[PDB]
Amino acid sequence: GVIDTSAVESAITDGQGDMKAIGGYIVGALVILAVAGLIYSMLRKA
Amino acid sequence: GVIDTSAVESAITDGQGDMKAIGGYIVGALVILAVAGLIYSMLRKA
Amino acid sequence: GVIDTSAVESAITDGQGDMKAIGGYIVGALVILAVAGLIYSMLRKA
Amino acid sequence: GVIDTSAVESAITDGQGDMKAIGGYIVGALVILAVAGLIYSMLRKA
Amino acid sequence: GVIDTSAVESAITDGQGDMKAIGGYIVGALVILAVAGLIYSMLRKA
Amino acid sequence: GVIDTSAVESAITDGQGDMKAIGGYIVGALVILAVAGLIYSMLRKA
Amino acid sequence: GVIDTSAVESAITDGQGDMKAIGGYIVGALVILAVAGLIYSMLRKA
Amino acid sequence: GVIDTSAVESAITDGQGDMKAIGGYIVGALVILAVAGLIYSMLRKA
Amino acid sequence: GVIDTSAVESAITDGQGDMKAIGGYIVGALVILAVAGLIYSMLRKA
Amino acid sequence: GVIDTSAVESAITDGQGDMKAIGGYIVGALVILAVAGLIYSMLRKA
Amino acid sequence: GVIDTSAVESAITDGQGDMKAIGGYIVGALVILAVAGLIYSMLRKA
Amino acid sequence: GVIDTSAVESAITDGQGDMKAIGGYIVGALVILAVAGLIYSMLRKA
Amino acid sequence: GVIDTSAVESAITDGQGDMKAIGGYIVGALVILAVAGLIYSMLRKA
Amino acid sequence: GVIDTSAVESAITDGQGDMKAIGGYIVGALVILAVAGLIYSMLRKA
Amino acid sequence: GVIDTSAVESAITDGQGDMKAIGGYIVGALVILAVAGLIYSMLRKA
Amino acid sequence: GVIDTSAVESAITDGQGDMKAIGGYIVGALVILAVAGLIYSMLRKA
Amino acid sequence: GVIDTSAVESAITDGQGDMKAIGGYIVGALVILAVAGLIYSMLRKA
Amino acid sequence: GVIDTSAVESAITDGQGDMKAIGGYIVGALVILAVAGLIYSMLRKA
Amino acid sequence: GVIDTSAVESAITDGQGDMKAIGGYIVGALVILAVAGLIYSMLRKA
Amino acid sequence: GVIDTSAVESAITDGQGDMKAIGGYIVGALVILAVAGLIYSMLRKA
Amino acid sequence: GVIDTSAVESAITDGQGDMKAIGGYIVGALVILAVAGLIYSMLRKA
Amino acid sequence: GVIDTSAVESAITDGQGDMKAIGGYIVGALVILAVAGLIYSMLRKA
Amino acid sequence: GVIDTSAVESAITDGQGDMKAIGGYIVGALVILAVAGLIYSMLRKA
Amino acid sequence: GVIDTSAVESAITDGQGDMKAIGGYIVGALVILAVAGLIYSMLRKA
Amino acid sequence: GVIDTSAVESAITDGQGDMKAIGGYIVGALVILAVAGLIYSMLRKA
Amino acid sequence: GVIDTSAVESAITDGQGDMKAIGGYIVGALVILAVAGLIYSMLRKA
Amino acid sequence: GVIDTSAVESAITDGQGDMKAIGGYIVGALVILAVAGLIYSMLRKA
Amino acid sequence: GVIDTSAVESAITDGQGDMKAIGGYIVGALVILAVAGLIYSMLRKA
Amino acid sequence: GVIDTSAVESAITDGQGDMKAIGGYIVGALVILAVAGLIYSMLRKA
Amino acid sequence: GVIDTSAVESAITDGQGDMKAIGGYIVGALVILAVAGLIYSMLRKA
Amino acid sequence: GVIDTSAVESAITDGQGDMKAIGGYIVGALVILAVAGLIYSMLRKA
Amino acid sequence: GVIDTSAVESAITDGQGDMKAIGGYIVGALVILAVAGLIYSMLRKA
Amino acid sequence: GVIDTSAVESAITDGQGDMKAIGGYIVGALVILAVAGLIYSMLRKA
Amino acid sequence: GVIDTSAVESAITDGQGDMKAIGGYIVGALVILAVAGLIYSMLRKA
Amino acid sequence: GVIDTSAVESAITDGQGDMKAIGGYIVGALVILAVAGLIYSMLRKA
Amino acid sequence: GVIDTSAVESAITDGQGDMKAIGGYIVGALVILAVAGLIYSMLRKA
Amino acid sequence: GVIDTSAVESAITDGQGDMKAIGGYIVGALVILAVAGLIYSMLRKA
Amino acid sequence: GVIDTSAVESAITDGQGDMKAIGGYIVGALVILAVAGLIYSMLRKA
Amino acid sequence: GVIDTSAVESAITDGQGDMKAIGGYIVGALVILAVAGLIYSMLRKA
């Protein structure tokens, strides 16, 4: 006896792709803050 | 199994446009400070 | 002898679709938190 | 068998609209910080 | 289903007026810095 | 998904007008210093 | 809903009076520089 | 959105009057130096 | 609300007296330049 | 808004009197040079 | 405001006495030239 | 409040004595010009 | 406070001696003009 | 990613013109002191 | 595992160009004060 | 028993590289403000 | 009677090592933000 | 963007007129020393 | 903008009268040397 | 046979109303922290 | 069936008053930092 | 139901007094830099 | 409740003494430039 | 609390000595121009 | 603390020597005009 | 420190030669008036 | 039949008092954080 | 029934003392920053 | 109950010493700027 | 507890040496201006 | 700790050479004025 | 009947001591954050 | 009964040492900001 | 137990070197300001 | 660990060259002031 | 890295030409003073 | 870059004409001295 | 470091030539006065 | 660098012609005195 978590093991990876995936798009949005914030400084400083 | 963050991935870009967008208008306002400040100097210096 | 969990095996997938399904809608809502939160900062920072 | 999350799928969009909706009002307020803050500087700098 | 942020949408404008409102008073004070500062120079320069 | 910073974008311009506006009046005051200072010199030099 | 910055609006004028007020005293002092400086020259020139 | 620097714009003129005003009285004092200095010369030269 | 610059207003006069005060002593010294300078000429001219 | 240089304007006149005043006494001293110098000539010429 | 050139005005007279004073003694010396020169002529002419 | 220019007032007289003092020595030298100059003429005229 | 023109007072006498000194030599030369001039006449008159 | 300061680059030159422009006017005024000063001297010297 | 900031590394340089770019424009404007200031002085001095 | 975080230990360093990597790019951009700021000052000062 | 948790006691430490182990890696990554953040500031400040 | 120093350019000439204007008056006064000085000499010479 | 040297222009003539006025008096005194000098000669010559 | 959960089905909605009802009240209270928090910040920032 | 959250609905507002109430007090205290901070700056700047 | 923040409301003012109190002391110290700074300048200028 | 800034209020004056104290020393040093500068001029002028 | 500027008070006098010290040397050098200038004139005049 | 102007004190005398030195040379040249001028007269008079 | 007027000292003598040199030429010309004048008289007298 | 939860109903209130009670004392402790935190800010800000 | 939170209520105060207590010592440390920071300014400003 | 912050209270003082300590050494360094800056002025002014 | 700023205290002195050090070399350069400027005067005056 | 201004100290000397250097060439030009001016006198006097 | 929780009552205090005990050690660590954080600022501010 | 936090009490000190330890290194870095910042000013000011 | 910040202690020195390092380069640039500024004056003064 | 400011060290020299470079051009302009100024005098003096 | 002052180097020559240029015109005017002055003498002397 | 002294070059000639112009009138007056002086002699000699 | 005044040194000579040059032509004009003046004498004397 | 006194050199000759020119006409007038004076003698003598 045991418990056939065979496909269930690799299944975790299925969601994992989603995990890596969503991030790029948030972080792509985060990037605006790093530009706009330096632009916000730029127009006062430069 | 996995988690279909398919549209959710590109969704991040939807907000991202907003991120790039808002900045131009703040920074367009920032620009006044760079003019007015040099004008503030101009009338004393020149 | 045995126990005919023939249809009941695939039956578990019936519910599964709903498990996948509800997530998208919740996660669609969660997304606002990621926009608003970043605009919450946007308006102080940018 | 399965689980009829038919209306409950679209139901998540019901809340979503409110997620989009509240943000605009908060962000509308945040905007004052960007004006006042820049006028806060305006009156010392300009 | 959805979430009735009907009054809560316009509610954000309630606070907004106060965001616009406080600024004028602060900026009214900041103005002295622009007078005094220039009179601070006035009395040495003129 | 995205974040409707549609009116919020043009909104930045609303304050911007204020930015350009206030300057003219400070700089109109600055001008006195350029007259009075040359008058301050005038009565000794000429 | 809104935010009752009723008294806080006029409150900013409370501080304002002091902004106007301090200036006169400083500028009253600055005046000596304009007398002394001109007497500093007076005694060499006249 | 914007920032109501409506009265604040004309406000700059309020101080401006002061700017033009103070000058006449310093320059009225400067004038002594132009008389006394030519008198200082007069009594030696003429 | 306001800001009690009550004593601080008259306080500026405290310093003022010293502004008036120092001048007399400097101008008292400047006077020698007007004597000596004229005796500097006296001894060649007279 | 503006800057109450009301008394400060007439204040300039206060010093001005001093400006006109000091001159008479220097110029009263200058006069000796015009007498003594013509006396210096007188005793050789006449 | 003004500039208390009160004693400073009469002060000019203090030096003035000196101005009138020194002259008598130079001119008393000048007188020799008017005697000696007429004596210089006297011994040739008379 | 005020500014204790108590000793600094009389301090200006400290320097004053030196202003009076140096003059006598210079004027003592200038005197030779009045002798020599008149002897310069003496030897041609007398 | 004051200004120690102690040695500088007597210092002016240092130069004075030279003022007295140079005169004698010039006047010694001027003397020839009084001899020669009178011999210039001597040889025509006597 | 980057930050599109494309038009904002050339925008700097928009103000620049102003910088070069204002100068000529002031400079044109300054020129009078160069004339008046020489005339101020002309009338005494010439 | 790690975090693929591969393009985001070089992405930083995308903005960098902007940083170096904007400067030249402002700097080009600043140059006028260096000219106008010297002309401002030229007309008085030269 | 234990928990085989063998590769997950070194896995941490996988991301670490990213952490050190991203910085250089931003830092490289930051450098422009250090140049532009000094140029911003250069043109006024030098 | 009792319950032989003899090896299971020490078994807890098997995992413990993991707990202490993982930390160093993450901590090592965290360190970059402490560097990058100061560099992020360095380039503006220094 | 730029800075509308359109009227402020020509504004410089507004003051300029003053600069040229004042001179003639002083110059007209200076002329007396050129007359009086020659008369001062006339009466001795002629 | 400009600088209202309207009355200050004609003000120059206020002093001018003085310039022409003083001369006549001195000139009137100078005349005695023109008489006395000729009488000084008259008595020897005539 | 079956089990007549006819009214008990709709009975569930009886409570449901309560579920939606209570929320608005708490939510209405929560709103104060969103105001007070921003005021909490307003007074320091603005 | 249902759940009589009749008074408990309005009960939420009972606390709500508290939420709005407390804020004013803290906000009233926060205001001092807005005064003290400007005074903190006033004394150095003005 | 509600939450008896009755005394806690007024309690906020307890601290408030402190907020207004501390300021005067610091402000009183700040004043020295306004004196010392002008004296710092006085001794060079006057 | 409140915050016992009782001794911390008067504590501010502890430092204040320092603020007034340091000034006199620097001011005492500054005085030398006022002497040395006039001596610096004395030796050329007198 | 306060700030122990005890030795730093008297420390100011440490430098002060320097201030008075340097002057004598420069002043001693300046004296040559007062001699050389008179000699510069002596040789032409005497 | 103080400022070690120890060698810089005596350093002043280093230049002083120069001041006294240069004079003799010019003075030596000036002497020719005192000779040539008398010869210039000698040849007409003698 | 000092000022190396080493060659500039002797440099004065470079010009000096010129001073003595020019004189002889003029003096040589002057001599003719001493001859011509006596011849001018010779022809009438002798 | 039924179940006499008569005293048991009111019994719930017995504990309830405890519920309201404990809170005041925690929240009385919470208050320190609101004082100390503003004091923590006070000593840096004010 | 109820829950005897009798001593537990007053117990909250036990910790509360600690809450008030710790603060004084942090804030006593904060005070250094307010001294040292004004000292940091003092040595540059005064 | 309470929380024994007994040693923790006095502990704050432990760091406090450090707070007072570090300052003296920075401020000892600051002092150079006050010497060197007055030396920087000294060599131009004196 | 405390904070061992033991070496950090003396560390401040390490930089301090640098502070005293750099000055001598600038001020050594300043000295040229005091020589050259007096040389600039020397060649016109002497 | 300290700040290695080691080469920076000697660096000051590098510029210093320039300081001494430029002077010789200006002063070499100054010399013309001392020749030409005595030549300007020479042709009238000799 | 009842239930003898005699020792189990006091037993709860056994654990309590440990609840009090662990806190001190954690809070001892937290203290570094209050030192370091303030030194983190110290080194920028002081 | 109780809970043997015997070693765990002293265990908290284990971490504490590291809390003290890390600070020194960060603060060692912060020190550069205090040197550089002051040299950043040094090179403009000195 | 404790926390092995063994390498992390010395690690802080790793960054330190860079803190020392960057300064030299900036300060090397600052040096031009001290040369140019003094040559900026050199060309007007010398 | 450390921080690789390897290229950034030499990078500071990159800017340095420009610091040296700009100076020559400004100083080249300053030179005219030294010519013109001396010709400004030339035409009156020579 | 470095700073491209390539065109800005030669740019300084752009202004230079104007420095050379203005001089000729002023000096052309100065020339009249040398003619008139000599004709001013011409008409008395010749 | 350069500086457009195009019109300003020829502008100097504008003033020049006036330099030539005034001379003739003065010299026209000087002429009387040459007539009168010679008639002054005429009437004694002829 | 230093300041490359290499060509700038020899540059001074460039103007110097001009200095020597202009003189010859003025002095060539001066010569007329020495001829015409002796001619003015010649026609009366010879 | 230098100063293009190229045309300015030959320019001196332009006036020079005038110098030689005017003389002939005065001297032509002088001649009358030599005729008339000998005629004045002629009618008595011959």
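So, a few notes on the structure that sits alongside this text. (Residues numbered from 1 in each chain as written, not as in the entry; some residues may be left out. Chains lettered and ligands numbered in written order. Heavy atoms only, no water.)

Quick look at the interface of chain N and chain O now. Each side of the interface is counted separately: chain N has 22 residues, and chain O has 18 residues. A combined buried area of about 1600 Å² lies between chain N and chain O, and 74% of that area is made up of carbon and sulfur atoms. Our enumeration of links across chain N and chain O arrives at zero salt bridges. Put simply, chain N and chain O have six residue pairs in polar contact between them. (Contact = heavy atoms within 4.5 Å. Buried area = accessible area lost by both parts, 1.4 Å probe. Salt bridge = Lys/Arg side-chain N within 4 Å of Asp/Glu carboxyl O. Polar contact = N/O pair within 3.5 Å; in protein donor to acceptor, adjacent residues only side chain to side chain.)

In this view chain C stays clear of chain G, with the nearest C-alpha atoms of the two still 18 Å from each other. At the C-alpha level, the nearest point of chain D lies 11 Å from chain G, with no contact between them.

What follows concerns the relation of the copies chain N and chain O. For the pair chain N and chain O, the relating rotation is 35°, the translation along its axis is 18 Å, and the fit reaches an RMSD of 0.0 Å. Comparing interface residues between copies, only 18% of those in chain N also lie at the interface in chain O; the contact surfaces differ. (Least-squares fit on C-alpha atoms.)

The contact between helix α1 (residues 6-45) of chain W and helix α1 (residues 6-45) of chain X brings their axes to 8 Å, and the two run at 0°. Viewed along their axes, α1 of chain W and α1 of chain X adopt a mutual orientation that is roughly parallel. When its residues are assigned to classes, the contact of α1 of chain W with α1 of chain X shows 21 nonpolar, seven polar and two charged. (Axes fitted to C-alpha atoms, helices over the stretch in contact; angles between N-to-C directions. Helix = DSSP H or I, 4+ residues; strand = E, 2+ residues; numbered from the N terminus. Parallel < 35°, antiparallel > 145°, perpendicular 65-115°, else oblique. Nonpolar A, V, L, I, M, F, W, Y, C, P; charged D, E, K, R; others polar.)

Another aspect to go through is the nonpolar core. Across soluble globular proteins, you tend to see nonpolar side chains buried next to one another. Formed by 200 residues in total, the largest nonpolar core has its most connected members in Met19 of chain F, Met19 of chain H, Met19 of chain J together with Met19 of chain K. Counting residues per element, this core draws most heavily on α1 of chain W, which supplies 15 residues. Once residues within four sequence positions are removed from consideration, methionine 19 of chain H is found in contact with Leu38 and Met42 of chain E together with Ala29, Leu30, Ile32 and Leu33 of chain F. (Core = buried A, V, L, I, M, F, W, Y, C linked by side-chain atoms within 4.5 Å. Buried < 20%, exposed > 50% of the residue type's maximum accessible area, 1.4 Å probe, protein only.)

On the surface, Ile22, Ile26, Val27, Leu30 and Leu33 of chain C together with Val8 of chain D cluster together into a nonpolar patch covering about 470 Å² of accessible area. Along the chain, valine 27 of chain C falls in helix α1 (residues 6-45). (Patch = residues over 30% accessible without salt bridge, like charges linked within 9 Å, V, L, I, M, F, W, Y side chains within 5 Å. Areas by Shrake-Rupley, 256 points an atom, 1.4 Å probe, with all protein chains shown as cover.)

The next thing to look at is the side chain of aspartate 18 of chain AA. Along the chain, the position of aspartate 18 of chain AA falls in helix α1 (residues 6-45). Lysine 20 of chain AA provides the closest opposite charge to the buried, unpaired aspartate 18 of chain AA, separated from it by 9.8 Å. When sequence neighbours within four positions are dropped, the list of residues in contact with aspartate 18 of chain AA reads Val2, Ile3, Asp4 and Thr5 of chain AB. (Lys, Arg positive; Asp, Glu negative; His and termini not counted.)

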